[PDB]
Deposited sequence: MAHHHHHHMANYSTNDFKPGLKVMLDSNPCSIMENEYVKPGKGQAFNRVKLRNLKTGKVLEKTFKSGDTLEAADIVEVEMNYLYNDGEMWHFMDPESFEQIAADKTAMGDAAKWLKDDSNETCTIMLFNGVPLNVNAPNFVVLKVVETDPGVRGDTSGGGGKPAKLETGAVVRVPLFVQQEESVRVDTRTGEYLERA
């Protein structure tokens, strides 16, 4: 940190063209003859895009200050989502962009444990738990259903308002009755 091609490993957090990246794939190439080099697959952490780059040995990459933390959700005010560390009791706030898709899965007062990716101490991405239990607020007698967070999902015809369902947040899909 600085890192050289020798350091490259899967999941390594590096800066590339002024963007924090995570190394997905690293492959060693020993040419005959000549300097060995690395072909690396990188995920851009701000964009989610995947990059393919070749690094000659002797190439250098600055480390990116990327850390992932588990934190409990407290509340949001429509613009900032607030989390507390259950051991440290330090608080951090994430904005709408950092929350992304996770905001629609977090119930008021749920206290869900979330995974927060921090870039230079600032939340960059947030992930909700894989599965959450949310109440159906709007649905008529599958069929569309509006959950209490405003998220919309398809539920079986038998589900009724004020009933609760378990949802897979990765796919945004109903899983089962709650």
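Gaps without C-alpha coordinates occur at 1-9, 151-160, with positions taken along the deposited sequence from 1.
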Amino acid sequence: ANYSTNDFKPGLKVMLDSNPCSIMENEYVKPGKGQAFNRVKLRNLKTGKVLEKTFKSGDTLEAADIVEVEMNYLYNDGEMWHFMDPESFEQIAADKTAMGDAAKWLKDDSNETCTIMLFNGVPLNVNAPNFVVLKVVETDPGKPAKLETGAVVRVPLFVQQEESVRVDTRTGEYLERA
From here on, numbers count along this sequence of modelled residues.
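Mean C-alpha B-factor is higher over 52-60 than over the other stretch, the pair under comparison being 129-137 and 52-60. Set 148-156 against 35-43 and average the Cα temperature factors; 35-43 ends up higher. When the modelled residues of the chain are ordered by their C-alpha B factor, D17 lands in the highest third.
Among the modelled residues of its chain, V29 has a C-alpha B-factor that falls in the middle third, as given in the PDB entry.
Among all modelled residues in this chain, the alpha-carbon of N72 has a temperature factor (C-alpha) in the middle third. Looking at the C-alpha B-factors along this chain, the one for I66 belongs to the highest third.
Compared with the other modelled residues of the chain, the Cα B-factor recorded for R166 ranks in the lowest third.
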